[PDB]
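[1] pasting the first chains of the complex, positions unchanged:
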Amino acid sequence: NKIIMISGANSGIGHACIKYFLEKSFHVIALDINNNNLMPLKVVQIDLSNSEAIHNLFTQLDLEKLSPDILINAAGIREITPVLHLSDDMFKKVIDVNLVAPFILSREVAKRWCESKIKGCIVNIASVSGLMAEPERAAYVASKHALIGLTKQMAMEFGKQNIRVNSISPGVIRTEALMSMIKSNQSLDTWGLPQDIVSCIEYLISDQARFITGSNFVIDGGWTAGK
């Protein structure tokens, strides 16, 4: 049975992955700082902004001889703040969760894949804000741009070991007047849903994605096509 590690598991996209992949017979390691909305399911309570906590997670996984075959980096925070009111710590904290955690989680799984000869695969959940900016999101935009780059780099780094690394860039996804604004910035007059991102994860981890690495799949209703 494939083991899949999923960050941000308590909410939104990450949460919608849990039920779905458990139902397809995956063993699931769920990571999140909350667990209130959470079968071979291991739940870990972890603040992914703390690199020491990640490192203790991995010591505990190596002691239980448990290593995932697949990593989904779906934890994310989004500041909602004018840039002049964005503190040094809030900027860093967004970068810690949105970029540093995926880096560290990825380096750790990849180390274990390379040593065992496993053909792992990683899916990074970025955003349309990884390709286009928006007001009041200096840290979110920067971090999501970074994660797209990281995805491309790690694909190159680990490709000769058959480890695939790709990203998904969601547009407006409905989760945990405005609507008019959303519609006039999209081509389609519909909302994305979590399951639209889950199906793309499913495709990107499948055998049918064997030649796919370093790619960013945009799932945005047309947001990024233009103005």
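    Ah, there it is. Numbers count the residues shown, from 1 in each chain, chains lettered A, B, ... in the order given.
[2] Check which helices and strands the helix or strand where residue A:202 lies is in contact with.
    Secondary structure assignment for residue A:202, by DSSP states H and E: helix A:194-204. If contacts are counted by 3 or more C-beta pairs under 8 Å, 6 or more residues apart in numbering; DSSP states H and E, helix A:194-204 sits against helix A:12-23, strand A:121-125, strand A:164-170, strand A:216-219. C-betas here are computed from N, CA, C, even on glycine.
[3] The same query, at a cut-off of 6 Å, please.
    Using 3 or more C-beta pairs under 6 Å, 6 or more residues apart in numbering; DSSP states H and E, the elements in contact with helix A:194-204 are helix A:12-23, strand A:164-170, strand A:216-219.
[4] residues making contact with it?
    Contact with helix A:194-204 is made by A:13, A:16, A:17, A:20, A:123, A:166, A:168, A:170, A:217, A:219, as judged by C-beta atoms under 6 Å, 6 or more residues apart in numbering.
[5] Need phi/psi at residue A:149.
    phi -60, psi -40 (degrees, to the nearest 10).
[6] Quick check: it vs residue A:162, distance?
    Applying C-beta to C-beta, to the nearest Å, the value for residue A:149 to residue A:162 is 22 Å.
[7] returning to that earlier point: what is the nearest of the contacts of helix A:194-204 to residue A:138?
    Each of those was checked against residue A:138 using C-beta to C-beta; the closest is residue A:170, at 19.7 Å.
[8] Roughly how far does the residue of chain A positioned farthest from its centre sit from residue A:184?
    In chain A, counting by C-alpha atoms, centre = their mean, residue A:177 sits farthest out from the average C-alpha position, at 29.7 Å. Using C-beta to C-beta, residue A:177 is found at 11 Å from residue A:184.
[9] How about residue A:193?
    When distance is defined by C-beta to C-beta, residue A:193 is 20 Å away from residue A:184.
[10] just residue A:162 next, same as before
    44 Å.
[11] then chain B, please:
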Amino acid sequence: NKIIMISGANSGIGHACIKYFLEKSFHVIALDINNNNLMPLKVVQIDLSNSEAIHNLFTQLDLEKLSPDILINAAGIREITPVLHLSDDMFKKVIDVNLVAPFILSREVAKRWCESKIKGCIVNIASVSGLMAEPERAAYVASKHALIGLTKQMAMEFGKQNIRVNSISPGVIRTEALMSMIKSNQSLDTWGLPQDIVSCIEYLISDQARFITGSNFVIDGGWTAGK
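    Once chain B is put in with the chains from before, the structure reads:
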């Protein structure tokens, strides 16, 4: 049953779509200038650089009530000529097949979908050369960049009518020493195959792609990630 029109049907990616989609119970209209390598299948021998033959084909299909639900623009040519020896006609012809035909085919199917309120979708087969240039490929590069732009523009044009328009950008696909230079430009030490593109076409016309429009799906073994 759904009708899917597929250009470049006689060879490579378009040919691999024919049988695959026949086996999934699609009715198929196959377009190609050759037919030597070609069940509800209609085969049309057509030179897609001739816009008047395209116009006639649509008149015929309207009289037979055989207007497609899905269009796959997979016909393509690539020059292999230094730019100083690339004649006006060679440049025009590559543009006529790789961009003008997809434009006309798309406008025609979309005309019919807006009249009849059908939720059709287009998949355009672009190339990594639509993102990164190469030597001796001025027309191929220009037309593939153009086709990515066209995909964006038509996604926006028709989104309110729930017609989705997407592109796939293949890397080196094995179709009808150099092997080492390919591995050198890729992250993965494997060859893309027609089926890697067919599975992506299949995902992009499926219900699970309902929120996907204007997007370009790169399927290239890491080619475009970097150097």
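[12] again for what packs on helix A:194-204, since chain B is there now?
    Under the contact definition 3 or more C-beta pairs under 6 Å, 6 or more residues apart in numbering or on different chains; DSSP states H and E, helix A:194-204 sits against helix A:12-23, strand A:164-170, strand A:216-219.
[13] The same query, at a cut-off of 8 Å, please.
    Packed against helix A:194-204 by the contact rule (3 or more C-beta pairs under 8 Å, 6 or more residues apart in numbering or on different chains; DSSP states H and E) you find helix A:12-23, strand A:121-125, strand A:164-170, strand A:216-219, helix B:194-205.
[14] Return the residues of chain A in contact with chain B.
    Proximity of chain A to chain B is confined to A:152-153, A:155-156, A:158-160, A:162, A:164, A:171, A:186-190, A:192-193, A:195-196, A:199, A:203, A:208-222, A:224-226 under the rule C-beta under 8 Å from any C-beta of the partner chain.
[15] Output the helix holding residue A:202 as CSV, nothing but the C-alphas.
    What follows is helix A:194-204 as a C-alpha-only set of coordinates in CSV (Å, rounded to 0.1, in the frame of the first residue of the first chain):
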residue,chain,number,x,y,z
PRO,A,194,-11.3,21.2,-3.5
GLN,A,195,-12.1,18.2,-5.6
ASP,A,196,-10.8,20.0,-8.7
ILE,A,197,-7.3,20.1,-7.0
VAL,A,198,-7.6,16.6,-5.6
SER,A,199,-8.2,15.1,-9.1
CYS,A,200,-5.1,16.9,-10.4
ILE,A,201,-3.1,15.5,-7.4
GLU,A,202,-4.4,12.1,-8.2
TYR,A,203,-3.4,12.5,-11.9
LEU,A,204,0.2,13.9,-10.9
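[16] Checking my notes, residue A:4 in a strand, right?
    Yes. Checked against DSSP: H, G, I helix; E, B strand; the rest coil, residue A:4 lies within a strand.
[17] Hmm, it is touching residue A:68, no?
    Yes. In this structure, residue A:4 sits in contact with residue A:68. The criterion is C-beta atoms under 8 Å, and the distance is 5.9 Å.
[18] residues shared between the contacts of these two?
    Common neighbours of residue A:4 and residue A:68, using C-beta atoms under 8 Å, 6 or more residues apart in numbering or on different chains, are residue A:29.
[19] go ahead and place chain C:
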Amino acid sequence: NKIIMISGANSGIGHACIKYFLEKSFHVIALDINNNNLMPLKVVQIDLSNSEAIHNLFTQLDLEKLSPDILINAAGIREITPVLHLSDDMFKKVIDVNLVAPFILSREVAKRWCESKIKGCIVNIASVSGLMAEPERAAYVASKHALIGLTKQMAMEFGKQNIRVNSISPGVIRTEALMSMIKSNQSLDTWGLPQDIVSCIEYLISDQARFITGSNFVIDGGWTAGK
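    Once chain C is put in with the chains from before, the structure reads:
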């Protein structure tokens, strides 16, 4: 003195180059289909959609020994028509002017540069519609994406002969309530002007641009930054 050939010379960006570079002691060959808004200036009346007229233009220049050192492809047309009303001839005409003429003109000056060992340079005037789509502009969008791709390819092609090829992508330039929609789509509350493009041209054809080829310079008041 350096000779600079400028297309689209009767209007907007190309016209603004004429006086400016004449005043800087360039010899100028001006190309346009009209001449009413038109010293070592050579004016040529020419329909750049007509490929044989371009061939005749070069036949004339070779007799006069007037081969340019610098080419600025500023001729352009943009359709204003919904895509379903965009005819085959009109799509092809936009393509022939916006892409094919830059290609032919570029290949012919590059041929002369390579024979004479001259360090030529080309500047292609693309558009923000070369990066992002908009409604009712299928041809304009496709053609300007194409031109960005052509610029990248010809830079690679001719790099070893020290021929530089770059592009400029203007946003809203004032040339020959809507004013508020333009402000909502830009970061700056000002209008672009032809001189903004002309100064970039002047930098791109200077000795200070020795290491600049294949690049696309965006001059758009923030239009392409996001939404």
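[20] Repeat for the contacts of helix A:194-204, accounting for chain C.
    The set of residues external to helix A:194-204 that reach it, using C-beta under 8 Å, 6+ apart, is A:12-13, A:15-17, A:20, A:72, A:121, A:123, A:125, A:164, A:166, A:168, A:170, A:173, A:175, A:209, A:212, A:217, A:219, B:199, B:203, B:208, B:210-212.
[21] Going along the chain, name the helices of chain A.
    Along chain A, the segments classed as helices by DSSP state H run A:12-23, A:51-63, A:88-95, A:101-116, A:138-158, A:178-185, A:194-204.
[22] What is the first one packed up against?
    Based on contacts counted as 3+ C-beta pairs under 8 Å, 6+ apart, the elements that helix A:12-23 packs against are strand A:3-7, strand A:27-32, helix A:194-204.
[23] Show me which residues of stretch A:127-138 are buried.
    Residues A:127, A:128, A:129, A:130, A:131, A:132, A:133, A:137, A:138 are the ones in stretch A:127-138 that count as buried (16 or more other C-beta atoms under 10 Å in any protein chain shown).
[24] Spit out the contact partners of the last one.
    Think residue A:138. Applying C-beta under 8 Å, 6+ apart, the residues contacting residue A:138 are A:79, A:83, A:86, A:91.
[25] Residue C:59: which of these is nearest?
    Residue C:59 has its nearest neighbour among these in residue A:83, at 58.4 Å by C-beta to C-beta.
[26] can you count the residues close to the closest one?
    Taking other C-beta atoms under 10 Å in any protein chain shown as the neighbour definition, residue A:83 ends up with a count of 12.
[27] Quick check: nearest residue in space to it, chain neighbours excluded?
    Closest residue in space to residue A:83, ignoring its immediate chain neighbours: residue A:138 at 4.7 Å, by C-beta to C-beta, 6 or more residues apart in numbering or on different chains.
[28] so how far is residue A:173 from the one you found?
    Using C-beta to C-beta, we find residue A:138 at a distance of 21 Å from residue A:173.
[29] How about the residues of chain A by chain C?
    Contacts of chain A with chain C, taken as C-beta under 8 Å from any C-beta, map to A:129, A:132, A:133, A:134, A:141, A:185, A:223, A:225, A:226, A:227.
[30] show me the contacts for the nearest residue to residue A:1 once chain neighbours are set aside.
    Excluding its sequence neighbours, the residue lying closest to residue A:1 (C-beta to C-beta, 6+ apart) is residue A:27, at 5.0 Å. When contacts are counted by C-beta under 8 Å, 6+ apart, residue A:27 is found next to A:1, A:2, A:3, A:4, A:40, A:42.
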